[PDB]
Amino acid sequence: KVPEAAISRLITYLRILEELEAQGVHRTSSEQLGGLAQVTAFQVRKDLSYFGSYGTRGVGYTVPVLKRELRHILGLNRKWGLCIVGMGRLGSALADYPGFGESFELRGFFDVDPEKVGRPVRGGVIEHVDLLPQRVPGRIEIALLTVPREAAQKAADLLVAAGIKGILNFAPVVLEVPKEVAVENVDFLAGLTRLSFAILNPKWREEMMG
């Protein structure tokens, strides 16, 4: 059970903590945090406790300490090895996308099409998907799955067999994998829907909900 909204909130707090530290703030109250995140101080205290970081009432959280805890629980203090499986149009575009950060490093690009295998790409070369078992163990923990839906489950079974630990699934299907293998499905439909709502209600803001 992955608390998606809570996590997105933690990442927000982390980003705020990074700036607070840069600005020379050693301790920050749930009030200051909520103010910057635009969330109730009560909610901030709740999220932090929800994740194990309890407050020091009237004193505030120690910025560098809290920042470190958030980085640790989120796994951002590690260097994760990733690969893209399915170097088609979406997969190739992702290989060039500059949003991975230092915590996530692409170390493999795979495909089943021999016309693509051998093609150089940013930071590597496309290898045949049949090499997963020779490339994943001890090097790649997360795979970006960008193959057509018709082959997604099969590609996932191969990833699982090769030792993958997590799959960022772009194919529009629900994958079946052992419980030990994490999977997150990505889509832009929620964003499209938020646009839909916003276009129909241009002046609405959630604060109106109180």
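Each residue number is its position in the shown sequence, starting from 1.
With 128 to 136 and 86 to 94 compared on mean CA B-factor from the PDB entry, the stretch scoring higher is 128 to 136. For the segment pair 172 to 180 and 146 to 154, the entry gives 172 to 180 the higher mean B-factor, averaged over Cα atoms. In this PDB entry, the Cα temperature factor of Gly75 sits in the bottom third of its chain's modelled residues, the lowest group. In the deposited entry, the Cα temperature factor of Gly58 places it in the highest third of its chain's modelled residues. Among all modelled residues in its chain, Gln32 ranks in the highest third by Cα B-factor. When the CA B factors of the chain's modelled residues are split into thirds, the value for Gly108 lands in the lowest one. Among the modelled residues of the chain, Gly166 sits in the lowest third by CA temperature factor in this PDB entry.
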